[PDB]
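Participant: Would you mind keeping the following structure in view while I ask a few things?
Throughout, read-outs are computed from the coordinates displayed, never taken from laboratory work. We place every Cβ from the backbone using ideal geometry, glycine too, and count neighbours over all the protein chains shown.
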Amino acid sequence: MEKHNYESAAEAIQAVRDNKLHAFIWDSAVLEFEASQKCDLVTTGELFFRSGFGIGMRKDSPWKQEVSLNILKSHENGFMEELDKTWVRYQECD
Amino acid sequence: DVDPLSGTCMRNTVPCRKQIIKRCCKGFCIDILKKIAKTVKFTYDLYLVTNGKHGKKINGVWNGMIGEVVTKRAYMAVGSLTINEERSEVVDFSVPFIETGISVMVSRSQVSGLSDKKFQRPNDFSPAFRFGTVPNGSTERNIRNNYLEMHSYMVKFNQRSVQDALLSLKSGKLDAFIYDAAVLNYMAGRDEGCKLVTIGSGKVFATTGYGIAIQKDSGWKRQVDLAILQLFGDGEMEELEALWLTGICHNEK
Amino acid sequence: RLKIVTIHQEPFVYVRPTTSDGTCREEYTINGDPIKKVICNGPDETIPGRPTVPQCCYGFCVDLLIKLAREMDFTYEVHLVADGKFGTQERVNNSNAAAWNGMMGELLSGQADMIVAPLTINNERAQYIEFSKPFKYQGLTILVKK
């Protein structure tokens with residue numbers, strides 16, 4: 001993998017698009033949106049190195065206690081589902 | 001049920017008592033608990049719940065294992081327990097070890113949108129449609145919270161037990177079944193014939209994972225959490241997944 | 001007040017400068033809604049030198065943040081971190097020296113009290129700071145032309 005590395009995300013997607021490089025490896029959240037964006041390119045397999053995102057706070061700050069409490073409340077109602085639905089287009093690909 | 005001749009539990013099985021008799025509990029969760037305990041190095045007593053199964057809020061009062069967590073009759077509650085805002089409010093939860101949630105299990109004959117409202121109303125479709133879930137569940141409570149009509153309609157299609165819910169799906173007389181995604185996926189993999197499958201990619205709404213109860217802000221807490229990600233950190237969870245979770249079905253498709 | 005920091009990540013954050021003094025575009029989501037937006041001060045590579053530049057940023061994380069802001073008593077002011085990197089430990093050998101470069105470093109430093117961005121959650125970071133329950137969860141994968 002170390003061989004033939006690229007400096008930035010745009011160039012890395014481009015290489016596959018330019019067909020300079022047959023395959024590209026990166027975390028899904030950046031990649032799937034692009035997968036929707038072109039559909040000339042596709043994502044494959046199962047997300048590995050699975051890692052969930054979240055909002056950072058110092059352990060000392062109690063506001064985070066509410067934040068998680070709020071985050072969960074936002075999950076249950078499907079607020080997130082509709083937000084991902086909005087921001088993942090999702091327009092053209094299959 | 002332990003071998004009577006042996007008189008005590010065998011192999012991976014760890015004892016659990018139910019007030020009504022010694023029963024022998026074993027499985028995926030049991031092994032995870034054993035590993036977590038091994039890593040954090042503490043000793044523990046395991047028993048079975050009597051009242052209300054999974055935690056449920058009825059009128060003013062809670063039920064299930066959560067009660068024994070609140071009554072301090074249990075420090076931590078372990079199981080297939082799902083996560084929700086109310087319980088996270090009352091008790092601190094462990095990080096989710098597995099990808100799961102609400103989902104559907106149906107025969108090869110449905111909802112591509114999966115919010116298409118065909119579920120929202122049966123009556124729009126002239127033949128009566130049918131779907132149901134197990135009551136006193138986090139799923140049912142969530143349903144009642146967000147979607148009332150679905151709850152009020154599905155009460156007729158509610159089923160006694162997952163084997164019996166399965167009886168309603170399998171023998172006919174019910175079209176679709178809805179339940180926890182991990183259980184529905186394992187059941188997708190494990191069936192006497194490959195007659196049952198998940199919905200779509202089995203990609204579940206209400207994306208959640210199985211947590212573990214603690215009392216409140218005072219607890220071993222973080223120490224547990226670390227242990228958990230050490231478990232996947234060494235890659236044990238994949239092995240345990242292949243052994244316990246992996247079903248033979250769905251290889252074909 | 002909450003000082004919020006972010007990084008330039010395309011799906012969850014977008015960056016356009018405010019047109020002249022005027023603030024933000026009325027641009028609309030595919031589902032008919034006007035797009036919400038907020039002001040963010042962050043690194044600009046457009047000028048040859050790099051000024052911390054006033055900018056307009058709109059995102060999933062922003063909508064989430066304001067959702068919280070209606071839910072939560074707090075008020076928010078956001079500026080993007082100077083370093084394009086979110087954060088990584090680095091720099092001198094003696095004792096433990098410096099601190100992880102990037103927005104995370106701003107969080108410990110207090111440059112921003114709270115971090116809203118697409119940040120994966122890991123133990124190495126976790127000991128240093130508290131982490132909010134995940135809004136999302138993804139993993140690595142491969143892109144190849146169909």
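Participant: May I ask you to say which residue of B:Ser201, B:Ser107, B:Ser161, B:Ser168 is loosely packed, with under 14 Cβ neighbours inside 10 Å, over 14 Å from the mean Cα position of the chain (by Cα) and of a type in the set (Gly, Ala, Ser)?
Facilitator: B:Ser201
Participant: Using beta carbons and a limit of 7 Å, which pairs, at least six apart or on different chains, have the first residue in the stretch C:106-131 and buried (at least 17 other Cβ atoms within 10 Å of the Cβ) and the second one among the aromatic types (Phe, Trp, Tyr)?
Facilitator: C:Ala117/C:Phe86; C:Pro118/A:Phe53; C:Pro118/C:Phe12; C:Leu119/A:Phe53; C:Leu119/C:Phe86; C:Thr120/A:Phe53; C:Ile121/A:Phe53; C:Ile121/C:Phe131
Participant: Determine whether the stretch C:25-37 contains at least one residue that is out of contact with any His (no Cβ under 9 Å at 6 or more places or on another chain), surrounded by 13 or more Cβ atoms within 10 Å (Cβ to Cβ), not acidic (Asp, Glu) and not in a loop (DSSP other than H, G, I, E, B).
Facilitator: No, the stretch C:25-37 contains no residue that is out of contact with any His (no Cβ under 9 Å at 6 or more places or on another chain), surrounded by 13 or more Cβ atoms within 10 Å (Cβ to Cβ), not acidic (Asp, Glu) and not in a loop (DSSP other than H, G, I, E, B).
Participant: Which of the residues spanning the stretch C:26-46 are within 8 Å of chain A (Cβ to nearest Cβ) and of a type in the set (A, V, I, L, M)?
Facilitator: C:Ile30
Participant: I would also like to ask the following. On the given criteria, is A:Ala15 loosely packed, with under 15 Cβ neighbours inside 10 Å, of a type in the set (A, V, I, L, M, F, W, C) and either more than 7 Å from chain C (Cβ to nearest Cβ) or assigned to a loop (DSSP other than H, G, I, E, B) (or both)?
Facilitator: So A:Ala15 fails the test.
Participant: Follow-up question, since we're still on this one. Name every residue in the stretch A:61-91 that is over 19 Å from B:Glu89 (Cβ atoms) and hydrophobic (A, V, I, L, M, F, W, C), in order of residue number.
Facilitator: Correct list: A:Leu83, A:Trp87, A:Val88.
Participant: Take the conditions polar (S, T, N, Q) and touching a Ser or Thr at 6+ places or on another chain (Cβ under 9 Å) and apply them to B:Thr82. Does it pass?
Facilitator: It is true that B:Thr82 is polar (S, T, N, Q) and touching a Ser or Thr at 6+ places or on another chain (Cβ under 9 Å).
Participant: Can you confirm whether C:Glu71 is more than 15 Å from the chain's Cα centre (by Cα) and surrounded by 11 or more Cβ atoms within 10 Å (Cβ to Cβ)?
Facilitator: yes
Participant: Counting only residues that are of a type in the set (A, V, I, L, M, F, W, C), surrounded by 11 or more Cβ atoms within 10 Å (Cβ to Cβ) and not in a loop (DSSP other than H, G, I, E, B), how many does the stretch B:123-154 have?
Facilitator: 4
Participant: Residues of the stretch C:5-24 being under 18 Å from C:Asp44 (Cα atoms) and either exposed (fewer than 11 other Cβ atoms within 10 Å of the Cβ) or within 11 Å of chain A (Cβ to nearest Cβ) (or both), which ones?
Facilitator: C:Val5, C:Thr6, C:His8, C:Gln9, C:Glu10, C:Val13, C:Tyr14, C:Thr19, C:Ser20, C:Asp21
Participant: Somewhere in the stretch C:1-15, is a residue farther than 19 Å from C:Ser132 by Cβ, of a type outside the set (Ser, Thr, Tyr) and in contact with a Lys or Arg (Cβ under 9 Å, 6 or more places away or on another chain)?
Facilitator: Checked the stretch C:1-15: no residue is farther than 19 Å from C:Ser132 by Cβ, of a type outside the set (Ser, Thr, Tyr) and in contact with a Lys or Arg (Cβ under 9 Å, 6 or more places away or on another chain).
Participant: For the stretch B:88-102, does any single residue satisfy the condition of being in contact with a strand residue (DSSP E or B) (Cβ under 8 Å, 6 or more places away or on another chain), closer than 30 Å to B:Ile32 by Cβ and of a type in the set (A, V, I, L, M)?
Facilitator: Yes, the stretch B:88-102 contains at least one residue that is in contact with a strand residue (DSSP E or B) (Cβ under 8 Å, 6 or more places away or on another chain), closer than 30 Å to B:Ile32 by Cβ and of a type in the set (A, V, I, L, M).
Participant: Select the strands (runs of 3 or more DSSP E) contained entirely in the stretch C:47-146, then report the ones holding at least 3 residues which are away from chain A (no Cβ under 14 Å).
Facilitator: Because the criterion is at least 3 residues that are away from chain A (no Cβ under 14 Å), the strands (runs of 3 or more DSSP E) in the stretch C:47-146 that meet it are C:52-58.
Participant: Collect the residues in the stretch B:204-223 that are within 13 Å of another protein chain (Cβ to nearest Cβ) and over 16 Å from the mean Cα position of the chain (by Cα), keeping them in residue-number order.
Facilitator: Passing the criteria: B:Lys216, B:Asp217, B:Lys221, B:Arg222, B:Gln223.
Participant: Report, by residue number, each residue of the stretch C:1-24 that is in contact with an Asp or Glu (Cβ under 9 Å, 6 or more places away or on another chain) and either part of a loop (DSSP other than H, G, I, E, B) or within 20 Å of A:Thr86 (Cβ to Cβ) (or both).
Facilitator: Matches in the stretch C:1-24: C:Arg1, C:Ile7, C:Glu10, C:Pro11, C:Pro17.
Participant: Restricting attention to the stretch B:208-247, which residues are more than 24 Å from B:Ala74 (Cα to Cα) and either aromatic (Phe, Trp, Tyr) or touching a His at 6+ places or on another chain (Cβ under 6 Å) (or both)?
Facilitator: Selection gives B:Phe232, B:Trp244.
Participant: Here is a follow-up. Considering the stretch B:138-165 alone, what residues qualify as being within 14 Å of chain A (Cβ to nearest Cβ) and of a type in the set (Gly, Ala, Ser)?
Facilitator: Selection gives B:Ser138 alone.
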